[PDB]
Each structure stands twice: as C-alpha cells, then as structure tokens.
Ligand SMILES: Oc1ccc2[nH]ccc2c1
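Listed next as structure tokens is one chain, alone, in the form solved without the ligand.
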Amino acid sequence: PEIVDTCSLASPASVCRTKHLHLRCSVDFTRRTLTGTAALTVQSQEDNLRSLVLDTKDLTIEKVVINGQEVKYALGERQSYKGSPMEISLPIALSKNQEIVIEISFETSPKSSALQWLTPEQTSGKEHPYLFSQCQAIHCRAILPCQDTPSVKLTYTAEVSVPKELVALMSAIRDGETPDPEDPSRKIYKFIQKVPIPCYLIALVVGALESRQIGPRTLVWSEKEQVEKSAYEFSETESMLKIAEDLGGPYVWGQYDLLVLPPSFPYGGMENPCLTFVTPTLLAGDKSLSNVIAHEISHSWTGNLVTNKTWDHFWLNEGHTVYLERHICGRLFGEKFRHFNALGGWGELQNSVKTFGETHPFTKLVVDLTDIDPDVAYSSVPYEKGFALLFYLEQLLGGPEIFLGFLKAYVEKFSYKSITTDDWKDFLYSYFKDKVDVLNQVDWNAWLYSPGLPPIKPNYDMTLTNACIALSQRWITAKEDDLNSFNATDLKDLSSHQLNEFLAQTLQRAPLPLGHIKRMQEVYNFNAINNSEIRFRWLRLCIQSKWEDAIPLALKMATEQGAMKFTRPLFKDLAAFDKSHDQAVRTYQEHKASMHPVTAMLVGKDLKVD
C-alpha cells in the first residue's frame, strides 16, 4: 500500500521522518522577515540514507549544520506554488531508524504566503505592528524548511524573540518569557507542543495581545478593544468542549485558547492546537456564530488527532469535523436544529456544485491535487459532501447514537496517525461488519470519485426550515401588487439562523426584481444587521439584483474584513454587475498590497486581473 503526497517536493515518510522541531527565531518588523534556526530531528526509514529533500518556498538559506559542521545542500529550481526543493547532503550515512538533527539557518521573505505583516494603522490600537501565520495547507514550507506534508507528524519547542512591548503566541503551551539577552529591547517567548502534529498546524502570532479567562482551560486573546466582546461571544466554549470530549474521547491538548485576529484573517477559524484562530467577523454580539467554535473544537479530534495523509483526502478532516460540529450544536440546541443546519449545509453544497459546474474535478469528494494549488481548489465540497456522506451512512446504519459509536472508535483507532480514504473505508466496514450488506448498498465510486451532487440526498427534518422556505417563496412568487403585504412582523418568529436561511433560499433564485429588494429593505431593514453571514447574503442578493445603493456597502464589507468566504464572492458579484465592475477592479488594485497574500492571489484570479 503506497501513496505519495503530490503537494510535497520533500522526501516522503517512507524515506525519513521528522520527529521533532526546535525553532529559535526572531521577528523583524522593520524588515518583515522572520529569522532563525529550525533544528529538525530526522529519523531515517531506510538503509544507508545519505541525503534528503525538504520543502521550501521563498526562503533564504544562510547555512545548514549537522554535528557542528556546515554541510552541502542545494536548492532546486522553483516549482510555482510548490516552492523550491532543498536537498541536503548528510555528512554520514544513516541506518534505518537512526536519527540526527539538522539545524537550518534561514530567513523568510516579506512576501511569504504563510504570513501577513500589518502596520500599526491596520490594527485596532494603531500603535503597534502585528504578525500572524496560516500554514494550512502547504504554507509551512514558506516559514521554515520542512517535510511539508500531513503524512509526517512531529512535536516541537520554540523560542521567539519579539519587541519587548509585544506578545508572541503559538499552537503550543506557553512555557515562559524573559528579556532577550542579545538585545534588551526584546522579549523571548518560549513554547512546547508535546503532542505529535502535522506541520500545517504550526502557528505564530505576534501583536499587542491581551487575554481574559472564560473557562477552566480557556483564555481568549485579542487586542485590548476586542477582549470584552470576545469573552462574551465565545462563552459557550467550555460547555462545547465537554460535549466534544463525550463524543470523541479525552481532549489531549491541555489548554484550548482562542485568538481573535484582525479583520484580514482569511478563514472563519483555524484549528491550531492549543490556540484556535478565529475571524473577528464572528463577533455578532449574540453568540449566533458559535458553530464555528464547535467546528474548530471538533478538529482537536478529527483532523488534529486523526489526520489526512495528503490533501487529496482533506474531506476526512472536514467532513467528520462538520459532522461532530453539528452534534455539539444538536446537543446544545436540539436534534431539530442539527437537521436544520445539516439541511442548510446541503444548500451550500448545491451552491458550490453550481458554481464549479457539475462535472468539475473540484466537486469530487476525493480530489487529485497533482499540479493544483490547494488554495485554488478549496471550497465547501469536502465539508458538505463529506458531511452528506456521513449523515447518509448514519441513517443507513441505524441512527445518530450508533454512528457516534463508530466515530469515537475511529478517532481512537487512528489517534496520532495520518490516513487515506481507504483506511477510513476499511475501518467503517470492519466496525460495521455485521452490516456489510447495508454498506454494500452505497454507490462508493459515485460518492468518493464522481463530480456533482451526491447520488442520494439524506432525509432531513424540516421543522425549522419550513417558515424560511415559505417566506422565501412568498417573495419570489410575489408580483408588484403583493409587495404591500410584507411587514416587519414577517420576521417576528424567526431566529437569526432562520433569517440567514431565508436569505440563502432567496439568494439561490437571484436576481429578484429590484423593486422587491427595495421593499425588503423598507420593511425588514436588513441594512441595519451586522451579523456577518446575514449581511453577506443580503448584500449579495442586492448586488446580484442590481441595486446600485448596495455597491458602497458591498465594497465596504469586502475590504474592511478579509474572510475569503465573504470577500471573494462579494468582489466577484461586484465585478459581474456592470455598474460596479470598474470600481471592484480598482478597489482591489488599491488594496492588494496590504491584503493577506493568499486572499490577494485568489481575488486576483477571480477578477482576472494582472
């Protein structure tokens, strides 16, 4: 059984394995570079190993030392998004299982696709710079030399020098701080991660950070002005943790802190161990976006403990996580809610499939990322098609309680490992051997390898969805002489989630007559809502329905925060509407330079600029 990681140019795990990383670096804000030494403890998996290759992307190598001596290495020619392979000639040949530590002195590019440097004006306090990282999927190679594949798991310790007045944090347990002996104007923050992790989980943030405790094992971190709001917004964290432990077994990471990043953080959240990163667009004031926390918490099991061997199997990470996420929210709020959210997810899947096209490669559950930048292929398919499969297996195998038993054993079975879709499928058949006849009734080839919507839609309770659909239908079928019937009381019995679903149902038939949209603002005043998911969908409906007054609102939301899930569709909508097209392109060109590297590149391709 042999599978290779097409996204990595490093020696695969079958040749050698990194067991530990000891990172000693200093954050240079004046140069926008991270400088230091990455000491890798590498174990040979072969006989007579004399050299190995590591992944790198836009790194500057000062030197490589093994056994106290500088050794030969050579950087191959760059291979676009994959970066440049770095071959290192080992001084002595290694036997199988033999280990050695290679210390690489390096410097990052201010252009690193893993990093975003922010001037003081880009932060909340306006007096200090800020730095944050984002390694998933394959950007760790852009911070330090390494076997940048999730098929290798290692532990790590790190010491980071940073201006005295700032604070550093990493995906690890804080192990102290002290003044920097070699430069009084700095502080050195120490960290240790004892649980083996794929390198894409390595994370670093440096900024004027403050914290506040919100649970027995949770501190919320952010700049001063976001602390209070965040502490309230994420107050359900410990209870969600307890439910997750009940579903997946013990939380093995020690602490579970939350870091609330500046508005340009590219994702809703990132499951960095010990320190989940979240977008500040979750600060709705009513905890209505807490499913994102339940999602990240879930990853502490599905993704961080059981990890996908290569990015071709990312759905293993996301599908199981969404599945656990919905059980946490179902426990907290009722099975009817889980079905509602499960049903909404199906709607997002239809959207993704319609967007890519139903035969498009990226709509396959298991994809072939050979020569495909993971950032370009990222979408809701692995999340929702993956979730759909498990929900479908759940109803096929006997209900939530039975499938949850398989989920826990699955986590137990593959803890601290990296697996493929086949490993998952073999264990499913093994666990449910006494139901193989049932298992043999699913169209595996279609589910796992065919593009488009799944060959079968699961069954969903519709109780909380009905009112949404009914209101959506009233608006869609309404003619001009029916617009007067609409009133603020139409929303009286709807929760913020039903409101969001109401918009999603309506967005799927966009555009609607411009007069219908104006009326909607008139009676429901959606312009006044700051819930980001709701506002996002409202502005898309407005732009797609060609209401020019929405342009400034859409452009504003698109640039004042950078969560790609909101920013990319907004710029795209703005660019497809002839009246805002030039302004969309122009706004992008002017913001590009101070945008997150990955977000800039992707919006750039969506707008077809440069």
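So that there is no doubt, residue numbering starts at 1 and follows the sequence shown.
If you look for the form deposited with the ligand bound, you will not find it shown, but the lines that follow are about it.
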Which of 424-432, 141-149, 371-379, 164-172 lies within 4.5 Å of the ligand in the bound PDB entry, heavy atoms considered? The stretch 371-379
Consider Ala208 of the chain shown here, and say whether it contacts the ligand in the bound PDB entry, taking contact as heavy atoms within 4.5 Å.
-> no
Using 4.5 Å between non-hydrogen atoms, is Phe406 touching the ligand in the bound PDB entry?
-> no
In the bound PDB entry, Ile102 touching the ligand (heavy atom, 4.5 Å) | no
Please run the contact check for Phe314 against the ligand in the bound PDB entry: heavy atoms, 4.5 angstroms, yes or no?
-> yes
Sole residue of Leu393, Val367, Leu115, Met86 within 4.5 Å of the ligand in the bound PDB entry, by heavy atom | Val367
Only hit among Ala137, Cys329, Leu389, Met520 for heavy atom within 4.5 Å of the ligand in the bound PDB entry is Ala137
